[PDB]
file structure-v8.txt (compact mmCIF, C-alpha atoms and all ligand atoms)
# COMPACT_ATOMS: atom_id res chain seq x y z
CA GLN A 57 -34.71 134.06 -36.58
CA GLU A 58 -32.22 136.91 -36.26
CA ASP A 59 -29.55 136.95 -33.58
CA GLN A 60 -30.84 138.74 -30.47
CA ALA A 61 -27.56 139.77 -28.83
CA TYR A 62 -28.68 143.38 -29.38
CA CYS A 63 -31.34 142.72 -26.73
CA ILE A 64 -28.65 142.35 -24.06
CA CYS A 65 -28.45 145.07 -21.43
CA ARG A 66 -24.96 145.83 -20.16
CA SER A 67 -25.92 149.16 -18.57
CA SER A 68 -25.49 149.42 -14.80
CA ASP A 69 -28.33 151.92 -14.31
CA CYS A 70 -30.95 150.63 -16.73
CA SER A 71 -34.56 150.88 -15.51
CA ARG A 72 -36.15 148.88 -18.34
CA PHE A 73 -37.92 145.63 -17.54
CA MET A 74 -35.35 142.90 -18.04
CA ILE A 75 -34.97 139.18 -17.44
CA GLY A 76 -31.82 137.20 -16.75
CA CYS A 77 -30.85 134.28 -18.94
CA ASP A 78 -30.16 131.17 -16.89
CA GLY A 79 -27.91 129.81 -19.65
CA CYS A 80 -25.42 132.70 -20.01
CA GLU A 81 -26.27 135.02 -17.06
CA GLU A 82 -26.79 138.04 -19.33
CA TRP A 83 -29.66 140.47 -18.79
CA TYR A 84 -32.13 140.81 -21.68
CA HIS A 85 -34.65 143.60 -22.27
CA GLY A 86 -38.11 142.07 -21.98
CA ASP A 87 -39.72 144.03 -24.79
CA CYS A 88 -36.80 143.20 -27.11
CA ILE A 89 -37.17 139.43 -26.52
CA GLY A 90 -40.97 139.52 -26.69
CA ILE A 91 -41.74 138.53 -23.08
CA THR A 92 -44.35 140.56 -21.20
CA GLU A 93 -44.17 141.09 -17.46
CA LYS A 94 -47.28 138.94 -17.10
CA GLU A 95 -45.69 136.00 -18.93
CA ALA A 96 -42.44 136.42 -16.98
CA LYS A 97 -44.33 135.74 -13.74
CA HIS A 98 -44.74 132.19 -15.05
CA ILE A 99 -41.13 131.69 -16.18
CA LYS A 100 -38.94 129.53 -13.93
CA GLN A 101 -35.79 129.78 -16.08
CA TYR A 102 -35.33 131.88 -19.21
CA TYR A 103 -32.98 130.66 -21.94
CA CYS A 104 -32.11 133.27 -24.55
CA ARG A 105 -32.12 132.72 -28.30
CA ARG A 106 -28.33 132.47 -28.47
CA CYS A 107 -28.25 129.89 -25.66
CA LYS A 108 -30.94 127.81 -27.39
CA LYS A 109 -28.83 128.02 -30.55
CA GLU A 110 -25.80 126.74 -28.61
CA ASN A 111 -27.86 123.93 -27.04
CA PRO A 112 -30.99 123.18 -29.10
CA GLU A 113 -32.03 120.96 -26.17
CA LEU A 114 -32.78 124.08 -24.12
CA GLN A 115 -36.19 125.68 -23.80
CA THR A 116 -37.42 128.39 -21.48
CA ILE A 117 -38.96 126.63 -18.47
CA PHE A 118 -42.36 127.74 -17.19
CA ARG A 119 -44.14 127.48 -13.84
CA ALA B 1 -37.01 133.89 -13.18
CA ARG B 2 -34.59 136.64 -12.23
CA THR B 3 -36.14 139.91 -13.39
CA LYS B 4 -35.55 143.57 -12.75
CA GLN B 5 -37.44 146.86 -12.96
CA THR B 6 -40.94 145.56 -13.69
CA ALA B 7 -43.68 148.16 -14.07
CA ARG B 8 -45.78 145.84 -11.84
CA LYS B 9 -48.90 147.85 -12.66
ZN ZN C 1 -30.85 148.24 -20.42
ZN ZN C 2 -28.33 133.02 -22.72
ZN ZN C 3 -47.54 129.80 -13.53

call {"tool": "encode", "arguments": {"input": "structure-v8.txt", "output": "structure tokens", "more": "lines below"}}
Ligand SMILES: [Zn+2]
Ligand SMILES: [Zn+2]
Ligand SMILES: [Zn+2]
result
Amino acid sequence: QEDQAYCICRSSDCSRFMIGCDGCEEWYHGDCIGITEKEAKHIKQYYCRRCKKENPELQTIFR
Amino acid sequence: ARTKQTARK
């Protein structure tokens, strides 16, 4: 699995669908991280790939 | 989750 830091959005005016990581508080482009809008409706807390590297205990939490 | 700018179609 490649590092996905390139999926991070640091642009103030970006209008792309994006989801916030609850582990590092960075914004991630949804298409880049492979999460559709429909799936994101059922996500309680997203944990990005780099956060789940840092703590392999972590998993995205669904609802 | 915290999300932004969904197409919401
Ligand atoms: Zn962006
Ligand atoms: Zn993260
Ligand atoms: Zn649900």

call {"tool": "residues_around", "arguments": {"input": "structure-v8.txt", "residues": "residue 2 of chain B", "least_positions_apart": "3", "cutoff": "10 Å", "atoms": "only C-alpha atoms", "output": "compact mmCIF listing (two decimals) with C-alpha atoms, in the frame of the given file"}}
result
# COMPACT_ATOMS: atom_id res chain seq x y z
CA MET A 74 -35.35 142.90 -18.04
CA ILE A 75 -34.97 139.18 -17.44
CA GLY A 76 -31.82 137.20 -16.75
CA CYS A 77 -30.85 134.28 -18.94
CA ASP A 78 -30.16 131.17 -16.89
CA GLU A 81 -26.27 135.02 -17.06
CA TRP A 83 -29.66 140.47 -18.79
CA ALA A 96 -42.44 136.42 -16.98
CA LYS A 97 -44.33 135.74 -13.74
CA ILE A 99 -41.13 131.69 -16.18
CA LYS A 100 -38.94 129.53 -13.93
CA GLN A 101 -35.79 129.78 -16.08
CA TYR A 102 -35.33 131.88 -19.21

call {"tool": "residues_near_ligand", "arguments": {"input": "structure-v8.txt", "ligand": "ligand ZN 3 (chain C)", "cutoff": "7 Å", "atoms": "only C-alpha atoms and all ligand atoms", "output": "PyMOL selection string"}}
result
chain A and resi 97-98+118-119

call {"tool": "interface_residues", "arguments": {"input": "structure-v8.txt", "of": "chain B", "to": "chain A", "cutoff": "7 Å", "atoms": "all atoms listed in the file", "output": "list in words"}}
result
residues 1, 2, 3, 4, 5 and 6 of chain B

call {"tool": "atom_distance", "arguments": {"input": "structure-v8.txt", "atom1": "atom CA of residue 66 of chain A", "atom2": "atom CA of residue 87 of chain A"}}
result
15.6 Å

call {"tool": "atom_distance", "arguments": {"input": "structure-v8.txt", "atom1": "atom CA of residue 108 of chain A", "atom2": "atom CA of residue 82 of chain A"}}
result
13.7 Å

call {"tool": "atom_distance", "arguments": {"input": "structure-v8.txt", "atom1": "atom CA of residue 58 of chain A", "atom2": "atom CA of residue 7 of chain B"}}
result
27.4 Å

call {"tool": "residues_near_ligand", "arguments": {"input": "structure-v8.txt", "ligand": "ligand ZN 2 (chain C)", "cutoff": "6 Å", "atoms": "all atoms listed in the file", "output": "ChimeraX atom specification"}}
result
/A:77,79-80,103-104,106-107

call {"tool": "closest_residue", "arguments": {"input": "structure-v8.txt", "among": "A:68, A:91, A:114, A:109", "to": "ligand ZN 1 (chain C)", "atoms": "only C-alpha atoms and all ligand atoms"}}
result
A:68

call {"tool": "axis_aligned_box", "arguments": {"input": "structure-v8.txt", "around": "chain B", "padding_each_side": "3 Å", "output": "lines of an AutoDock Vina configuration file"}}
result
center_x = -41.7
center_y = 141.0
center_z = -13.0
size_x = 20.3
size_y = 20.3
size_z = 8.2

call {"tool": "decode", "arguments": {"input": "structure-v8.txt", "residues": "segment 59-91 of chain A", "atoms": "N, CA and C atoms", "output": "PDB file, in the first residue's frame"}}
result
ATOM      1  N   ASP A  59       1.995   5.203   0.278  1.00  0.00           N
ATOM      2  CA  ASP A  59       1.655   6.317   1.148  1.00  0.00           C
ATOM      3  C   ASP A  59       0.654   7.225   0.444  1.00  0.00           C
ATOM      4  N   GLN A  60      -0.359   7.686   1.188  1.00  0.00           N
ATOM      5  CA  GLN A  60      -1.452   8.472   0.622  1.00  0.00           C
ATOM      6  C   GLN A  60      -1.430   9.930   1.071  1.00  0.00           C
ATOM      7  N   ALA A  61      -0.271  10.443   1.490  1.00  0.00           N
ATOM      8  CA  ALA A  61      -0.197  11.847   1.872  1.00  0.00           C
ATOM      9  C   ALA A  61      -0.543  12.768   0.710  1.00  0.00           C
ATOM     10  N   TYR A  62      -0.361  12.306  -0.531  1.00  0.00           N
ATOM     11  CA  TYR A  62      -0.719  13.102  -1.697  1.00  0.00           C
ATOM     12  C   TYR A  62      -2.223  13.286  -1.833  1.00  0.00           C
ATOM     13  N   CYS A  63      -3.018  12.548  -1.058  1.00  0.00           N
ATOM     14  CA  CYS A  63      -4.460  12.742  -1.033  1.00  0.00           C
ATOM     15  C   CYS A  63      -4.880  13.886  -0.127  1.00  0.00           C
ATOM     16  N   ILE A  64      -3.949  14.473   0.622  1.00  0.00           N
ATOM     17  CA  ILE A  64      -4.305  15.535   1.552  1.00  0.00           C
ATOM     18  C   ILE A  64      -4.625  16.806   0.783  1.00  0.00           C
ATOM     19  N   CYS A  65      -5.689  17.484   1.193  1.00  0.00           N
ATOM     20  CA  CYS A  65      -6.014  18.798   0.667  1.00  0.00           C
ATOM     21  C   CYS A  65      -5.574  19.846   1.674  1.00  0.00           C
ATOM     22  N   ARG A  66      -4.721  20.762   1.235  1.00  0.00           N
ATOM     23  CA  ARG A  66      -4.353  21.908   2.052  1.00  0.00           C
ATOM     24  C   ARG A  66      -4.755  23.213   1.376  1.00  0.00           C
ATOM     25  N   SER A  67      -5.752  23.160   0.496  1.00  0.00           N
ATOM     26  CA  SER A  67      -6.210  24.317  -0.260  1.00  0.00           C
ATOM     27  C   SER A  67      -7.445  24.902   0.409  1.00  0.00           C
ATOM     28  N   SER A  68      -7.399  26.207   0.682  1.00  0.00           N
ATOM     29  CA  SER A  68      -8.478  26.858   1.415  1.00  0.00           C
ATOM     30  C   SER A  68      -9.796  26.819   0.655  1.00  0.00           C
ATOM     31  N   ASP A  69      -9.749  26.879  -0.675  1.00  0.00           N
ATOM     32  CA  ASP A  69     -10.941  27.094  -1.484  1.00  0.00           C
ATOM     33  C   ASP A  69     -11.387  25.846  -2.235  1.00  0.00           C
ATOM     34  N   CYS A  70     -10.924  24.674  -1.825  1.00  0.00           N
ATOM     35  CA  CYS A  70     -11.173  23.477  -2.614  1.00  0.00           C
ATOM     36  C   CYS A  70     -12.628  23.048  -2.499  1.00  0.00           C
ATOM     37  N   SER A  71     -13.243  22.732  -3.641  1.00  0.00           N
ATOM     38  CA  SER A  71     -14.645  22.332  -3.707  1.00  0.00           C
ATOM     39  C   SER A  71     -14.822  20.838  -3.958  1.00  0.00           C
ATOM     40  N   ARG A  72     -13.746  20.061  -3.895  1.00  0.00           N
ATOM     41  CA  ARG A  72     -13.831  18.618  -4.055  1.00  0.00           C
ATOM     42  C   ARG A  72     -14.382  17.973  -2.789  1.00  0.00           C
ATOM     43  N   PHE A  73     -15.139  16.892  -2.965  1.00  0.00           N
ATOM     44  CA  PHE A  73     -15.600  16.123  -1.815  1.00  0.00           C
ATOM     45  C   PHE A  73     -14.409  15.647  -0.989  1.00  0.00           C
ATOM     46  N   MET A  74     -14.449  15.924   0.308  1.00  0.00           N
ATOM     47  CA  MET A  74     -13.323  15.600   1.162  1.00  0.00           C
ATOM     48  C   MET A  74     -13.841  15.205   2.531  1.00  0.00           C
ATOM     49  N   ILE A  75     -13.031  14.422   3.230  1.00  0.00           N
ATOM     50  CA  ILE A  75     -13.374  13.897   4.539  1.00  0.00           C
ATOM     51  C   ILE A  75     -12.205  14.166   5.474  1.00  0.00           C
ATOM     52  N   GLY A  76     -12.522  14.518   6.715  1.00  0.00           N
ATOM     53  CA  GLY A  76     -11.503  14.835   7.700  1.00  0.00           C
ATOM     54  C   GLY A  76     -11.065  13.581   8.438  1.00  0.00           C
ATOM     55  N   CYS A  77      -9.756  13.446   8.618  1.00  0.00           N
ATOM     56  CA  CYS A  77      -9.234  12.343   9.411  1.00  0.00           C
ATOM     57  C   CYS A  77      -9.320  12.685  10.893  1.00  0.00           C
ATOM     58  N   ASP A  78      -9.925  11.790  11.665  1.00  0.00           N
ATOM     59  CA  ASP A  78     -10.064  12.009  13.095  1.00  0.00           C
ATOM     60  C   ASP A  78      -8.793  11.676  13.859  1.00  0.00           C
ATOM     61  N   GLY A  79      -7.762  11.186  13.175  1.00  0.00           N
ATOM     62  CA  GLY A  79      -6.508  10.853  13.819  1.00  0.00           C
ATOM     63  C   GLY A  79      -5.457  11.938  13.689  1.00  0.00           C
ATOM     64  N   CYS A  80      -5.478  12.706  12.583  1.00  0.00           N
ATOM     65  CA  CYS A  80      -4.509  13.775  12.360  1.00  0.00           C
ATOM     66  C   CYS A  80      -5.139  15.110  11.979  1.00  0.00           C
ATOM     67  N   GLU A  81      -6.464  15.169  11.825  1.00  0.00           N
ATOM     68  CA  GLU A  81      -7.196  16.401  11.520  1.00  0.00           C
ATOM     69  C   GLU A  81      -6.758  17.024  10.195  1.00  0.00           C
ATOM     70  N   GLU A  82      -6.309  16.202   9.251  1.00  0.00           N
ATOM     71  CA  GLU A  82      -6.089  16.644   7.881  1.00  0.00           C
ATOM     72  C   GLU A  82      -7.311  16.304   7.035  1.00  0.00           C
ATOM     73  N   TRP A  83      -7.536  17.101   5.994  1.00  0.00           N
ATOM     74  CA  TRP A  83      -8.603  16.843   5.033  1.00  0.00           C
ATOM     75  C   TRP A  83      -8.068  15.992   3.889  1.00  0.00           C
ATOM     76  N   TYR A  84      -8.833  14.974   3.507  1.00  0.00           N
ATOM     77  CA  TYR A  84      -8.444  14.038   2.459  1.00  0.00           C
ATOM     78  C   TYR A  84      -9.483  14.052   1.348  1.00  0.00           C
ATOM     79  N   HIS A  85      -9.023  14.108   0.099  1.00  0.00           N
ATOM     80  CA  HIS A  85      -9.934  13.998  -1.035  1.00  0.00           C
ATOM     81  C   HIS A  85     -10.572  12.619  -1.077  1.00  0.00           C
ATOM     82  N   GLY A  86     -11.906  12.588  -1.168  1.00  0.00           N
ATOM     83  CA  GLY A  86     -12.621  11.323  -1.083  1.00  0.00           C
ATOM     84  C   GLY A  86     -12.296  10.380  -2.225  1.00  0.00           C
ATOM     85  N   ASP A  87     -12.241  10.901  -3.454  1.00  0.00           N
ATOM     86  CA  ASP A  87     -11.920  10.020  -4.571  1.00  0.00           C
ATOM     87  C   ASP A  87     -10.519   9.441  -4.418  1.00  0.00           C
ATOM     88  N   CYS A  88      -9.573  10.255  -3.950  1.00  0.00           N
ATOM     89  CA  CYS A  88      -8.196   9.802  -3.786  1.00  0.00           C
ATOM     90  C   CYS A  88      -8.090   8.643  -2.793  1.00  0.00           C
ATOM     91  N   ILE A  89      -8.858   8.687  -1.703  1.00  0.00           N
ATOM     92  CA  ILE A  89      -8.781   7.647  -0.676  1.00  0.00           C
ATOM     93  C   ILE A  89      -9.818   6.549  -0.895  1.00  0.00           C
ATOM     94  N   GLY A  90     -10.549   6.597  -2.005  1.00  0.00           N
ATOM     95  CA  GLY A  90     -11.442   5.506  -2.344  1.00  0.00           C
ATOM     96  C   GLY A  90     -12.682   5.400  -1.483  1.00  0.00           C
ATOM     97  N   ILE A  91     -13.221   6.524  -1.012  1.00  0.00           N
ATOM     98  CA  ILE A  91     -14.454   6.538  -0.227  1.00  0.00           C
ATOM     99  C   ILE A  91     -15.496   7.355  -0.977  1.00  0.00           C
TER     100      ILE A  91
END
